[PDB]
Each structure stands twice: as C-alpha cells, then as structure tokens.
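[1] pasting the first chains of the complex, positions unchanged:
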Amino acid sequence: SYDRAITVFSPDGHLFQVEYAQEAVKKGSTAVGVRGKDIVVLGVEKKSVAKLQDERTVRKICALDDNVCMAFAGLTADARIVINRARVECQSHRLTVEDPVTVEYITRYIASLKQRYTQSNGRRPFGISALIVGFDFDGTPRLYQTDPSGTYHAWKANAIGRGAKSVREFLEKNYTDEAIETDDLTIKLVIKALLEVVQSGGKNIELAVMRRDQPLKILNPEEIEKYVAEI
Amino acid sequence: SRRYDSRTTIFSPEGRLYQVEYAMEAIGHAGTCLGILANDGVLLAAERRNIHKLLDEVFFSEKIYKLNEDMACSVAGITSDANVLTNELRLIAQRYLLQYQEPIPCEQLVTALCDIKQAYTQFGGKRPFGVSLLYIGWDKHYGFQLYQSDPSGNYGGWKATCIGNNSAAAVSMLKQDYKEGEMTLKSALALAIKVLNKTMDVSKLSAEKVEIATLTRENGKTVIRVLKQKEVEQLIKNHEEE
Amino acid sequence: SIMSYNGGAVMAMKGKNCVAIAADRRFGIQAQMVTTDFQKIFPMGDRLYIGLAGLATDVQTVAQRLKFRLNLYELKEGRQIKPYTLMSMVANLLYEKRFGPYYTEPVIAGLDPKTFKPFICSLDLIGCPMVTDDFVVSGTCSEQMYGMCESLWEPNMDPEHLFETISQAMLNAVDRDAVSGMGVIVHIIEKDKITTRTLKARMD
Amino acid sequence: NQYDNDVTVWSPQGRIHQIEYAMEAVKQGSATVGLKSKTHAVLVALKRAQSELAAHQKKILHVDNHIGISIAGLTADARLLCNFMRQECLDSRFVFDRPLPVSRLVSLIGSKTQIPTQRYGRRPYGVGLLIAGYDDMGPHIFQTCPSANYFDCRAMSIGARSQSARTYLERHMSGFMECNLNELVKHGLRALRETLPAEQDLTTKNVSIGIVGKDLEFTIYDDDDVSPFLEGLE
Amino acid sequence: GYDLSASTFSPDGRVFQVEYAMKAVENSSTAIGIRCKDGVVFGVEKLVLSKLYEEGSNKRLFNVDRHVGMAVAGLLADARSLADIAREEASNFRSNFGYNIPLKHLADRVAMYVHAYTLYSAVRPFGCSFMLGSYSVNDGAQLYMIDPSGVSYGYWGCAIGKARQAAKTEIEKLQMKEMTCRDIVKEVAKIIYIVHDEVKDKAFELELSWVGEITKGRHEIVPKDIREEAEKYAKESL
Amino acid sequence: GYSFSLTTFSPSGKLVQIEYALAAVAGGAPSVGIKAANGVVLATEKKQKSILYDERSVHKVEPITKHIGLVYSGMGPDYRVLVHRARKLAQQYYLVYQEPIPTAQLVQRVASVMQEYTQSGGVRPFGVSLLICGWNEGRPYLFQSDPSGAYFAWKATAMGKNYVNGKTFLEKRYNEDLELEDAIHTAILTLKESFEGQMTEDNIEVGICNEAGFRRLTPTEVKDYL
Amino acid sequence: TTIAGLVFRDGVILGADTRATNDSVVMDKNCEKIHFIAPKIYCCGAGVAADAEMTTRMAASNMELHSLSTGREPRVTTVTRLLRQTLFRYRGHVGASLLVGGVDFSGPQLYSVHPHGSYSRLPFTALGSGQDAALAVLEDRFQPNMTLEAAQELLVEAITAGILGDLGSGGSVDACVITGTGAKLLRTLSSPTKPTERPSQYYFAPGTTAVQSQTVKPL
C-alpha cells in the first residue's frame, strides 16, 4: 500500500500541494451563487460550448438531496467523487436522524473530507471548490463554499473558478437588499454577475434555482434568453 | 523509497496532473476512432493499425469490444491497458444485471469505469490507464447514446466525437456536417467514411484499414454488428462517387 | 427437508436429434400454494436450457449467478458455450459451496452449438454431474418420474414422439406428488426451432 | 549532504548523521542533574519558561513508586517514552507482583529506542533521559540517549551547558555515598547552578526536585516545596 | 550515489553500505577471543569516557546462554539487540529440540539474521562485530566471529576493534592449543594492555569472561582474584 | 516492496521502460513461428557459448498443455517465470471448464500478467516476447505476446535478433496453402538467414503443433530436416 | 460401489462397477469410476461422488504441472502423498475413498487412500460398499506374480461378487490394465446384467396430450 506523504509543509509553513489544488480551481469555469430572500440561485459558465455535445451530461450543478444542491469549479472528475460521497452521506443522515440534513451539515462533511485528503498518506488534495445552497427545515436559505484546503464559510453571494475575483468585485458593489427583493431580481443578479466574465453572453451560462420546499429546478435556454433581454 | 518514487498522483505548480496529460499524448497518437449517433442507431469506425500482411484475422475485431447485450466500445491508446478496462466494464455490467436483473444504463456504466480511472489519478502511486474510450449503447431511459471517457476519468455524452490520431480535424469536420436530429444510420455511415477519408493520411481509404460496428434496435432487441468488408468497400465506393 | 420446502419437479429427455426439458409451474411454501407460474427452466443459449428444482430462493440465485458467469464467458471467448462445458461450469459453481451448498439439483438439456448433438445431464446439490443417454429427473417426485421414464422412454424418438413421452411422464408423475403440479411447461429443442408448450394439467 | 537525511544511511566515515542530529536535541534542552548516595537517588532540573506569564515546563515525571525520570529534548517524545516506561512497570507489578528492577527497565528502553534507528522512514527518539530509582541493588542513576545507548552512573548531567555541571559533579563525587539526603540534594543543586549564567540564579520557580530512597517513594518537589533545600545554598 | 543503499551494487560489485558499517566497528575498542585447550577467554578494552560512569557500565561482554558468551565491538545499541537476538535463538532451540544449542549452529543462525539486513534499502546493516564462545564435553571449545556482512568463521584466536591488526600478531605468538583457561587469562589481559593506546583513547577498564572446564561449561565473568593476578601480570610484564 | 510504478509516461506519451524491455527482446536470439494449413512450427537458435553447456539440459521451446507450446526471445529467466504461469493458467482453466484452454484464451491470460508488470509497484516489465502456438477446433493458432501485454495473431513472424530481415524473408516465402512439413523447412530457413555458423540439430530447437498435439522435435528429427 | 485393484507380475489391474445410487434408487446405470490421474497412473473412486471426482481432477491437474516442470514420468508415490496430504487437511470431511494404481520407474504400485488421509501400500485392495465381497474373492484366490490374463479374471470376479452381493453396486464391470508398456482402459469389460426384452407395449400418438398454449421460435 502506498503510504507516501504528498501534502507536506514548506519552509514558510506553506502546503504546496494544497496551493497547487487551488491553482486547478482557478482554471475552472466561473460559478456564481447568490442567496436570495426566498430563493437560491446557482450559475456556472459553459466555457467551450460545442454543438455536438449532449448538454445534460456535463452539468456542473448537481443535487445532493431534495433541499441541497451544489455547483463546483476545477477538476470535474474530482467533483464527481465528492458529489457521490456527499449524496451517500445525505442518505445516511436521513436514516440515522430521520431528517433532511442542513446545508451547513453537509458542507461541513464535504469540507472535512477535503481536509482529510491534505493530511493523509498516498493521496493528493481534491482539485475543486464547491458552492452549496439549499434550505433548512425552518425555511432559511443557505449558501456555503468549500475549497481544497478544507476551509468553509457561509456567504451571501460568492463566485469560484476563473474570474472569481472579478465576479466578487462586481457582486460586492451590486449585492444589496434591493437586488434580491424578488425572485426575478435575484436571478438577474447572478446572470449579470456571470456576464462580467463569461464571453458571448446568452447561452454560455448554465442556471438553476432552488425555491423554498420544491425540488431543484433548471432554467432552459429560452428561459435564460428572456432574462438576458431584460438586462 | 522516496528516492525512486516517480510521484504519479501529485499536482504540478499550475494545478496540472502531468501523468494524465502525458497519458493523453499517448492517445492522440493512437489509431483514430470516431462515433456518430443517428435517429435509428449509433456507430463506431476505427482505423486499424494491425496492418502487416502476415497478421491472421482470427477475432471479432481489433479495437471494438462488446460490453453486454446493449453496448460496445472502441478504445484508443495503450492496447494492453484497454484490455484491463474492457474486461472491467464487462464485469461492471454483469454486476448490475445480477443485482437489478436489468441491463446497466449506458451512462451508469461509463461513470463507474471513470471512477476507476479517477482513483488512479488521486491515490496509490501507479501510472494512469493510457486509454480513451468511445461507448455506444441503447438503454430504456435515453435510447441511442454515445460517450467518450479519457485517462483523467472524465467523460461526456456526444452526438458525434472522435479520439486518436487527427481527432481535432475529425471534430471540425463533424461540426460542419453533422445534422442534429436529421441523421440516419445511412447518413452517419456516409459521414464516417468522409471524416475517416480525411483523418487518415493514406489517400485511398481501403476497407482493410477500417473497422465499423453499428448498433440498432430490431423487435425490442439491440443488435450490435461489425460491418463485413464488402459493406465497407461499398461504403468507400459510395464516397468516391460524391 | 429443505429440498421439499418449495416442491417442484424437472426432467430432461433425449430423442433423435432433439432434446426435451419439462418442469412443474407451482411455487408454494410447504402445503400452501402461492403462484402457479414460477419459472424453473432457464435459457442458457439458443439450444441450451437448464432446469432447476429445489429451494426456490436457491433456484433463482443459482440461475442468476450462472447467467452472470455464462455471459462473461460468452463475452471473453467469442462463442456460444457447449453443453458439456456448461455442465462443468455449473458443477464448479455448486462445488464452491461444498459445505454450505445451494439447495437445487439442476438438469441441463441442449444441443451442441456446432454439431447439434443431443445432450442431457443432471447434477446433485454439491455438483456431481451425471450424463445419460436416455433421461434425467430431479425434484420431489423423482421416484415417480423414474418409473414413468423407465417404461415410457424409447430410443431414437422424433420431436413429436419425444414431446408425448416427456409430457406423459411429467403429467402422471406430478399427479402422485402433492407438492408438484399446477401446470407443466415443456420445451422441445430442435436444430432449427424451439417449441414451448403448456400442458392441460390438474390444478389441485 | 547525501548521508544526513535517513537513519538507515551509513555515512562513509562509519557514522549515522540522523542519530547525531537527534542528540543535538538533548543538548538544546534545559540542564538536569542526577546523583545518588548510598541510600538515595535524586534528580534536579532547571525548569524553562517560554515567557514571564508562562508556567515553567514540567521536567520531572513519575514512572512508578521506585522510579522517576528527568527529561531533555523533544517533550512529546519524552511523554511517549514515559508512557512506555509506566506500562512496563505496571506490567511487572501485575505479573510478578513486584517492582520492575531499574536496570531491567533501562534495557527495555534501549531496545525500544534502538529499533527506529535501523528502519527506513523512521527516526530516533529526540529525548535524553535521567533515571533515578531504588530496587534491591540500592539507588540507581541511569542516562538514556537518543541513539539507544545507556550508561549506569554515579552522577550525570544532560542539556544546555551540562558539561560545567558534569565537571562539578566529577569533583565532588567522592563524598556522595556517605552524603545524607539534605547534603546530597545540595550537591545536585550546586552542580545544576553551575550550568546557569553568571547573572541568573536558582530559585523556587525554575527548580524541580525528585527523590527516591530506601524508605521513601519517588516524590517531586515544586516551587514552595523546594524552599527547604534551597535555604542554605552559599 | 552507489553507496546510499544496501540493495544497490556499485559498478565494481561492492556493497558500500555494508562496508561503511564495518568502518563503525573499526573505530571502536578492541575485544579479544582465545580458544585454549579446554575453554575460551574473552577480553575487552572497555573505554571509560567519563569518571561519572559506574564501574561495570556499558558492558561489552554478554551471556547469550548458559554455555555461551558474547564479546562485541562497534555500536553498542546494535550489539545489544544482536545479543537479544542470539539469546532468542538459543532459547528457541532448547524449546524445540530439548538441549543446549551447539555453538556452530547458534553462530550460523545469528549470522543469517545479520545477513538479512544487508540486502535492502528498507533497513541498514548492523554496525557491530561480535564473538561467540562456548564449551561442552561433547563439543570441546568453540569460538566464532560474525561481522556486519554476515560472514561467520571459527577461530583459535580472534580480535575485533581499532587495534585488531596489532592484537592479531600478539595472539599469533602464543601456543593456545596446549594452553588452558587459567593460563590464557593472563595472556589475554597482557595482550589487551599492549594494544591499548596511552595518549589517544585514554582511560580504559579490563573486562574478562571465560567458559570451559574450569567454569564447568558455564560462561561467566572471570573471578576478581584471577582477574587481579592477570592484570597484575599484565602491567608488570609490559 | 516499492508500491509505486517504475514504468510511467514520458512527456511524449511513451512508456520508456517498455521501450527498453523491447530492446532486450530485439537483442535476444532469433525465433520464428509459421502457421501452416494443418499446423504451426516454432523454431529458435539455441547456440551455446561453449561445448561445456549440456545443450539437452534446458529447453527454449516448451509445452504448456497437450495442444499449446511456447518459445521466446529476450531474457531466459523471465521466460521461465511466464512458462510456469501459463502452465498454471492452463490448469486453472481446465479445472473449471474441463476442456483444454483455447490458444487465444491462453494468450489473453498470459498477456494480462505481462501488462500488470507494466503498472504494478516496484517491478520492471518482462524482457521477453512470447510466440504461442496451439491447435483447437481443428484450426492451428499462432500468437505473439510482447512486454507491454499486447498480443497479435500471426500467419508467420520472427523475433529476437534480426527480426526485421526475418519478417521480409517470411513475407516472400509464406503462403496460406503451405503444409506443415514445408512450413518446418521455411522456419529453419528463416533462422539460417541470421545464423552465425553451422546450424546443427543440437543448436536449434523445434516444436510443432497439430491435431496430434504440441511437441518438441527430437534432435534426431531436426537432423533429418537439416 | 465396488472398486478393487491388484498387483500382478507385469503391472497393476484396476476394476469397478458402474452403478451410482441416491439412497436406494439407481440414478446412473453406467457411471465411470476409474479416473485418469496420469498416463501410467489411474484411480478408482468410492464414497462421496462429488468429492472423489473433484479430488482426482485436482490431483491429475497437479501431477500434470509437476510432470511438465520435471519433464519426467510421475511417480505413484507422488500421487498418493499429494492425495493423503490434501485429504488429511480436510480431516475426513472430503469423503474420498481412493484406490491408486500405476506403474512408474520403480515398478507397479497399488495404494488405498482413505478420507481422513491414511494410506496403505498393498498387493491387492478393495473399497466401497461392496468392498467385503471383493476382498473375499481376493483372499481366496490371490497369488503373487499372477499373469495379466489371470489377474483380469480374478479382478473381474472380485468386482462381480460386489455387483451381485452388495445392493449399492451393480451394472457392468470396468477394468484398467497398466504395465510398463501401455495402458488398457477397458470400459465395460463384462456386462453381467441387463433388463427384460419387453413383453407388452404402450405408446402415444401425435395428440394424446392436451395442450393449453404453444409458442414456436425458429432459429
């Protein structure tokens, strides 16, 4: 069995492997999450959109449970593994506590799994960052973000992947209480925030929202097109 | 021993995995495979590289493997690696059938092999599988389907794709000619020959240098079948006329 | 006894360039009947069938596990399995659980994939094959089946005569067995065709 | 350069750099003295303090009723070894219903710490030890090293500038056997104070004492309890 | 770097790592073993690095069995573990066959264990050389020596340490075959005092142990009175 | 043992360790296989360094089962390991199916053992190529398994030293209709094309496979053929 | 089951009946009980049919590997040792009663192997349920160094006694003759029993059985 230490400390207390994993997240397609009043919206860029590719197979916005979904950035293959782990954990929690897991609880689990991979023998860190949204039993909307190191915070509006900083700068100066007043407005914010980086605005963005109680919904090309015309 | 370790599953300073990238270089040099999905079926068409006159023919095909009753795949890159993966897909499909008493849906099969491929990239210290696959299948959820996976353990559904030598060229040629929803197996097969005539630098295509499986439905039964040389010859003939 | 827990009878008969396989259709727990169309004979090729009698749960498990192995075997080697090879595969599968065996006595009936030569055999619970040139029986009413086969079976019977022989053997044999009955399914395996028939039988 | 990274790599001079680097850890530690008379065995250590608001680090640990130790070097390793020693002593009392002879316990330590100095990937224990005990062969003062070697001594000193204490120890060791408890503790203190800077002096804050004798279980004296021994020093 | 691992042969077919371990035994005190007419005598020039150390500390003479003694040179920690290995062997042999292990067999077994640490990069070769001596009525007197490589040979007289090249010539000029334990104890002591360096490597103690007819086959430290005489005859005759 | 791969991809996408294992094969002594209509021949140079080597002691052409035989080019002691493994694989197959393992199923299993030493921890590939011949389902079979674990079915091929010249010679001389007895002649002639001096019936070894089974020609028989 | 063996002047002769039964019902009227171990070594099996079958196949497979690697004829002693070491391992749970007979470099050898792992090298033996009848014949007529034909006759009579005296045995008599030269596997050396010539008769026509449903699938 391979027991070599891959993630180790450097002279100035830096974990090179973890920073290299963060570099992989920077080359990932932009993903934006906005926490609205009664809704949660996720928006990922489609980067190179070919005309011969089945759109439904490369979605970067998956569902972990009825109330929890997530968007990622970085290594797609790595993301799949993490998503499956989370899904299994969600069913385990639902079976031992007889209740839907809270957004923060599953966020905590994924973050913990990522940290475990930065201090274990024979493995490298996961090369992805995730945006976790959803609603808890009481009805309050949640938005979390985990990274390769294993750290996680709760946000109002965040952006990961290539151009995360650019989108973050625009989100700060555009996120207010009069920007998430209505469901439509909240979605427009994410679309407008995604238009700051994603080239050829229109069908280059993958959007999906999660309204209170109902299952995850995915906006269609023409449904997103209409929103773009209003902006 | 740290001294001799090659360090296969660690990131580079730009967040790249070199072994995976170099496994991919292998593939771009393998024989060309192309997949086209039609309304009435799906097909694979592969350049043969086993060409020497003293090769015996004894086998179904060089690079096209049947995975279960409803799917096949063709492979590009390290042949002996492909043998490991193709045997594993057969095992995965039979595991599913044993458990659910139903054929494995095509995307579930692809995903489960790709999990095996991603694990080699992340832990264990071994080199990755130097293989890309194209998979063709029919299932009751999505019907006719075509997938591609690569040594990173990444996969994606396609209408038409190509891997191996001169894939980039094949793709731009498929982007010009592939008609979404308007494609028939006859049309698909024609396009295959067109794309294969251009990705192969032997001018005359030759029905000895290619391998073509088609996958169709007849009476609620999937039918996978390697085209015989006559049919391919005719197919080639038909391209010459154009 | 565990073998009579669900009941059931299976028999295979050899004819002139043709094989016949029949079985009862009753699925019951002890004295209570649950269904009257439980599958006991499974296809293992165009002209190859396996009949399984014994514990219903093991009948289904063995059939499914054998299919798993046969499918993989037929993907690896690019050909249809031979009747004799299938027998060994089943024997090996049954012998693996030597000290915790599957409660099922299988009977195989078919024709060689390339030569179309009739072949029938039976194996015990632990996997001891027994190839015969006349007939093989298995189930709760094996004794009754032996009597019928021993006196009714003739050499070189044609498809029609073979059908009548195995039908009469099974029908009269299951009528003296309380846990076997509720219909009879017969499969006639020939070079170019397979004929499946359900006989008019007692439903008590 | 190519020989001082692994413990399993013999250098061309016939040395093992990694074991030598692990011995440097004991030399950087705070000094501690160990001496014995005819009926007693005492340990005296200088407690170090990270800052003025910090408590002085523990340096004298309990092993058993007849055995006590003084550490120098990596504290984590010292606690590791201590645990091992405690278990061995407990095992001896469970099986044979008698205290484990100090000499036998020292040999177990030697063997345990020797293993890691021959296996690839492993490292030597980075802690030096001073062991005081009392069994059927009288009082003992043992000194364990990071390279699995141990010496039976009349008096010993390890840690930063322990050579000065050793020099003092050698000069006054002739009257140790006939020394009494109070007298024997003074010598240790005097030798322990020799490794200290001209300005600094031994007080009831940076001094810890541990004694074990004929009719006395291994006890440790801290701060206010070390006043009596401290009162009288010239 | 051809000399970094024991599982790597150099271009001229040498295993440098094992040779480096032999260098560690080369820069150490000298121990001697002499096979007389009815026994074996061991003598070590124990170097007292400090005056604080108790008389009899860091013993380089061990009892691996009732009838077997061991004299070592080199890394004491490595030597100590080898002594425990030797003890294990002897004990295991008695439990399996019901009698005292023959010296030759014991030496062969321990040598193979030593040889096992000279083929891989996972472990390093032992940094010590030792001698095995024993006496029985059915075997007579036997003396063997094992080094870091694992080679085991039987001897009449042997020396290990920094002054083994000089001690061998001193052992050469002796008629040990017709000598006895009682008479060889004075010669061993004398020889040790001769090879011992005055200026360099100052302050040493003399360790003496024997096994033979005089001790009725049991290996033990030479008696104080006899050692006194031997040391008195060593200093007076030097 | 080392748990990491010793064979890994280069930036050009090559696995040099396997390229280097192939260099070992190509410097090996020559080997030839020919599949005739009614059989296969395997033939190899077993020139010994001296005349002290008891030539009859060790055999490069080896049976696996009644119906399968092997020869190799490259590293003799690596060949030994493979021979033993093929023999165990053929037995394992026979114990399950109670029919002797088809040649192509033996080739796949052995080739698979070869691929594992291109990826498993701490080991180097095999410095050997195999030619395997067999007779099953009234058809003769000849295969080559290389160090990468790839296999190919041949009508005729040559390997070891001077294989490229050898193949060109077999292009020109092989035909499908060719009977065994003739096949044997052109086997022995392909060897002659690269042989040093004076091919005796003790410094080549020859095995044949047909309906009757696989066997090593006896030196007495090789002599007749010479 | 009645199996027997005997060492004659130029080799060994094995014999067995061909009846396989389930408790008290004849399942197989012609099962082969003389299994091939090697070219000059055969084995008769008694006890649990599945065990005997799997054990001999395993022994034959292992002997083949050994013969292939050594390149020499397998010894009979290697076979018996392989068998007893395996059987002893399972502590009699593998019910295999074997009679190994063969001719190797050291000559003709005959062994009786029991389920627990014990073995016996003898000039003549017998195992199975009809083992006492066959032994009776042997004790009464066995002579050392018998001629090939005289041995066959004796073995046939020994097996015959078991066939007629033991309810567990019946059918035909199989024999196996092994010498330095060749091996003669005489499946059905004698057929001492057969059924009647059928006094009456009963047959069915092409519609005597009432059919509920039919399904024909052309191939």
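    Sure, I can see it. Residues are numbered from 1 along each chain as shown, chains lettered A, B, ... in the order given.
[2] near chain A, which residues of chain F?
    F:3-4, F:121 (C-beta under 8 Å from any C-beta of the partner chain). Just so you know, the C-beta spots here come from the backbone N, C-alpha and C atoms, and that holds for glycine as well.
[3] Can you tell me which of these is nearest chain C?
    residue F:121 (27.2 Å; C-beta to the nearest C-beta).
[4] pretty sure that closest one is touching residue F:8, no?
    No: counting by C-beta atoms under 8 Å, residue F:121 stays clear of residue F:8, with 11.7 Å between them.
[5] With neighbour numbers in mind, choose between the two.
    The neighbour comparison of residue F:121 against residue F:8 (other C-beta atoms under 10 Å in any protein chain shown) goes to residue F:8, with 21 against 15.
[6] Strands along chain D, start to end?
    Secondary structure of chain D, counting by DSSP state E: strands at D:32-36, D:40-46, D:60-62, D:67-73, D:127-135, D:138-144, D:150-153, D:155-158, D:207-213, D:216-222.
[7] Quick check: the residue of chain A nearest chain G.
    Closest point on chain A to chain G, by C-beta to the nearest C-beta, is residue A:1, at 31.0 Å.
[8] ok, and the closest non-adjacent residue to residue 64?
    All of this refers to chain A. Once flanking residues are discounted, residue A:64 sits nearest to residue A:86: 4.8 Å by C-beta to C-beta, 6 or more residues apart in numbering or on different chains.
[9] meant chain F, my bad for not saying
    residue F:86 (4.9 Å).
[10] For burial, what's the neighbour tally of the one you found?
    26.
[11] Please give the element, helix or strand, for it.
    Assigned by DSSP states H and E, residue F:86 belongs to helix F:76-97.
[12] Also put chain H in, sequence below:
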Amino acid sequence: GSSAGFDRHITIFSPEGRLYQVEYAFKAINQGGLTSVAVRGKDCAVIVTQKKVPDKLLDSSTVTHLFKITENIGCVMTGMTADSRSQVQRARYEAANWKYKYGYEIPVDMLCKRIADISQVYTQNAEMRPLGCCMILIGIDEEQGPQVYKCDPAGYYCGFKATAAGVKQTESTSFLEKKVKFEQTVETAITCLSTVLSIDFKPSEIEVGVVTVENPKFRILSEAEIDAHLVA
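    To build on what is shown above, here is chain H added in:
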C-alpha cells in the same frame, strides 16, 4: 553503454535493454578472489575449490566453500560468503520440502532451477539486490546418471559436462574445453585449477567433493585422500 534515470542503482531496464545491477552482481562473485571447478565424469561428478586460509588463528575446519545440500546432493559456492551461506540454506530447505511433498529426492536439475527461479525475482524487484554468489550443484540422477548444474545472479541456470566459476572462470573454461573436445575426472578438475593458478597446491590447499554411481552419497575427501591424487 547508454544510461538514464536510476537504471544503475535498481534492477530496471536501461536504454539498450540491459540490467546493470545484475551485471554488477557478477563482478561481486570475483570479489572473494576464488575459483571453482566442477567436472562430470562417466560415472562420477567432482567439485574442486581453492581453499585459502590467510589468517593462522582461523579454524581451517570451519573454512569451506563445499556444502552438503542433501544426502546425495553437494555443492560449491563462489562469491560473497554471506550471500552464499543464505543460498545454501535456501537450497537445503527447498530440497527437504520437495521430498516431504513429493515423496522422492529432488533431482539436481530441479533443485538448480528452483534456486534460479528465486534469483530471477531479485532482478525484477527493485527493493532488493541480487545475491553476489554462484552455485554449482553435483549429484547422481537415477535415470540420467552424474549431473552438474550451475545457476547465477541473473537467474540463469544450465546443465554442464564441466564448468567453472570465479576469478579465473574464463581460463578454467578454456582448459576444460580442449579436454572435452573417476581418476581422470578428479585429475582434470585439479589440473584445470592448478593450470590457471600456477601453484600445484598441496592436500590442505583445496577441497574435494564427489558423487559416484556406486557411491551416490555426497562425500568430501580428506588430506590423505587429496594427497593421493596429487602424488599421481
């Protein structure tokens, strides 16, 4: 002489397909400074070796390169002493195990092959190095007669009429070559060693192990037995 990566430190293939580490292990055999010679006769097999005891205090009886594997199998080791002893012990274990599971004494060719198989593993596994020794086995086969086999560090083994190992391996082979193209066999062997060493050693300078058809049991000649062949 191409080289890349770590192909000279561990047993991996170099650019030309060579195994440098294994080649270095052959150079380790000559480090002992000895030469061995084994000669197969018509009804016997003899093994002669250079017995050098340059130390005086060394017990000459414990110094030998000839070992008894089984009752009928003897051998001579050449190369690294410690490695040789471990290989001798392995051979003895293999032989005893063979008889225990097969019921008959292991043939010399099978024993040599078994030791060679074990040596092959070292050339394929990088974690451990090959042994720096050479094994030569002699024994009487019941069907083939006298046998002489030798395996090396590369895992290669073969049957021989006469073969040598050590520092003067190339010279012993050239001397035995002309001879092939009891008493004479023993003489030829001794001659070959003496010829390439130019010393004409006395009875206590060499060791002799033999196995004849009449006396199959491995035997070691004494001082008086060795001198007798030296006087003639």
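[13] The neighbour count of residue F:86 again please, this time with chain H.
    For residue F:86, using other C-beta under 10 Å, the count is 26.
[14] quick revisit: now for the helix holding residue F:86, which elements pack on it?
    helix C:83-95, strand F:68-74, helix F:103-116, strand F:128-135, helix G:49-70, helix H:108-124 (3 or more C-beta pairs under 8 Å, 6 or more residues apart in numbering or on different chains; DSSP states H and E).
[15] Show me what counts as buried in the fourth one.
    Neighbour counts over strand F:128-135 (16 or more other C-beta atoms under 10 Å in any protein chain shown) mark F:128-135 as buried.
[16] State the helix or strand in which residue G:132 lies.
    Assigned by DSSP H and E, residue G:132 falls in helix G:131-141.
[17] Now do the helix or strand following that helix: distance to the chain's middle.
    Downstream of helix G:131-141, the first helix or strand assigned by DSSP H and E is helix G:148-165. Relative to its chain's centre, helix G:148-165 lies at 13 Å (C-alpha atoms, centre = their mean, to the nearest Å).
[18] Please save the CA atoms from the very next helix or strand once past helix G:148-165 in CSV.
    Next along the chain after helix G:148-165, taking DSSP H and E as the criterion, comes strand G:173-179. Taking Å, rounded to 0.1, in the frame of the first residue of the first chain, the C-alpha atoms of strand G:173-179 are listed here in CSV:
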residue,chain,number,x,y,z
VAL,G,173,-17.6,-54.2,-14.8
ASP,G,174,-15.0,-51.7,-15.8
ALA,G,175,-11.3,-52.6,-15.8
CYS,G,176,-8.0,-50.9,-16.3
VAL,G,177,-4.7,-52.6,-17.1
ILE,G,178,-1.5,-50.8,-16.5
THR,G,179,2.0,-52.1,-17.4
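[19] list the helices and strands strand G:173-179 packs on?
    By 3+ C-beta pairs under 8 Å, 6+ apart, strand G:173-179 packs against strand G:11-17, strand G:34-38, strand G:41-47, strand G:96-104, helix G:148-165, strand G:183-190.
[20] okay, chain I goes in next:
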Amino acid sequence: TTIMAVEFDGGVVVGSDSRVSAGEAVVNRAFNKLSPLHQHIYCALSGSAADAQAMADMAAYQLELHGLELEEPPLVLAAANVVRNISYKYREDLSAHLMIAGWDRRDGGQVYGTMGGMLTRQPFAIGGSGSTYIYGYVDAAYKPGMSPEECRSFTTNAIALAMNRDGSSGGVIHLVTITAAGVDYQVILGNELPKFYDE
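    Time to bring in chain I:
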C-alpha cells in the same frame, strides 16, 4: 494395535503387530507400524492411522532438515522432543501415540514415550490397545541387562500374547533392532509366532 520397544546395552529393539482395523473389519492385515524417522531412529505408530502417519512424516521432515543443518546424526532425544512438541501442540486434534526408539553416539540406545505430549524415557515401553493385556507379563518377565537376542525374544513373546487376546491386534509381528552397526529388520509370520496357552 500393540507396540513395544526395549532398551539394551548398545541399542534398542522395536516391535509391533500388523493389524489395521475399521470396527470389526480388518482393512489391512500386514501393515508395518514401524516407521524410520532417521537412519538410526525409529518410531512405532499407534492410535489413528491418519494422525500417526501425518505426524511421523512431519517429524521425519523436521529431523531431516535439522540433521543437515547441524551436519551430525540427530540425537534420539531430539527426535522425541520433535514428536513431543507436535503431539502436545495438537493434543486436542490428534489421537495417536508415536513411540520413539533409536540409537545415537551420545546416549546410546534410548526408548521414549511421547503419548499425549508427555515425554518420558523408559527401559522398555508398550502402547496401543493391546498393551493393556500384557502389562502384567512385561512386569514379571523384564530383567535388566538383557542382550539383543533376549530383547527380541521378550518383545516377540509380549506382542504375541497381546495379539491373541486383543481384537484390534493381530497378523504378523514386525521387528526392528537398532544399534551402532545399523538397522536390521525382521518379520515373524503367523506360523512362526510364539505359542502360549490359547485354550
């Protein structure tokens, strides 16, 4: 089964019957219960055939290796210790007594009883199911200083008396005399067996 071994100045005399039984049926009437573990060391098997044969083979293998390692004929005590260890280690699984008799150059001819893992050296030893009937006879007939010829007679008589009384014993008497010179076998057939009161 009846087995016996007697010590004499210069060696030992080992003997046994040849009956292998399965209930009331004699499965082997000419079985040799004396097995050689080494050149000068023999063992008499009693109890379970499979167990005795398994242990004897195991001991022979172990002793063979031991002998070659030490380059000297093994001691009789070593052989007994090897058997004792196996018999003691598997005392709950095995059911057979391997009597040990032989000769070495250290302690001459020795007889050891290793039944159930317990080891004891005796002047003479008897085991097996038929040994119970001859306990009184051997106690009254054995005399110290018996010669080899007298030991064989003593052994023969004792075994013959047991064979006639015990249903599990019978057939012929296998005899073995071990001494420095070597091992000399002897078989006493049914017609040449000592006759006593059989009425």
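[21] Could you list the contact residues of chain H toward chain E?
    H:8-10, H:21, H:24-31, H:55-59, H:61-63, H:80-83, H:85-86, H:89, H:126-130, H:132.
[22] Which ones among these also lie next to chain I?
    Checking the residues of chain H next to chain E against chain I (C-beta under 8 Å from any C-beta), the matches are residue H:89.
[23] Mind checking which of the residues of chain H next to chain E are in helices?
    Among the residues of chain H next to chain E, the members found in helices (DSSP state H) are H:21, H:24-27, H:81-83, H:85-86, H:89.
[24] count of neighbours near the residue of chain D found nearest chain H?
    Of all residues in chain D, the one sitting closest to chain H is residue D:120 (10.3 Å; C-beta to the nearest C-beta). The local packing of residue D:120 (other C-beta under 10 Å) involves 16 other residues.
[25] So it versus chain C, what's the distance?
    42 Å (C-beta to the nearest C-beta, to the nearest Å).
[26] so that residue sits right up against residue D:5, yeah?
    No: at 11.0 Å, residue D:120 does not count as touching residue D:5 under the criterion of C-beta under 8 Å.
[27] returning to that earlier point: hmm, who's touching the helix holding residue G:132?
    G:2-4, G:6, G:46, G:124, G:126, G:154, G:157-162, G:164-166, I:25 (C-beta atoms under 8 Å, 6 or more residues apart in numbering or on different chains).
[28] if I pick residue 113, what's in contact with it?
    Picking chain A for this. Here residue A:113 is in contact with A:82, A:85, A:126 (C-beta under 8 Å, 6+ apart).
[29] Not quite, go with chain E.
    Residue E:113 touches E:82, E:85, E:89, counting by C-beta under 8 Å, 6+ apart.
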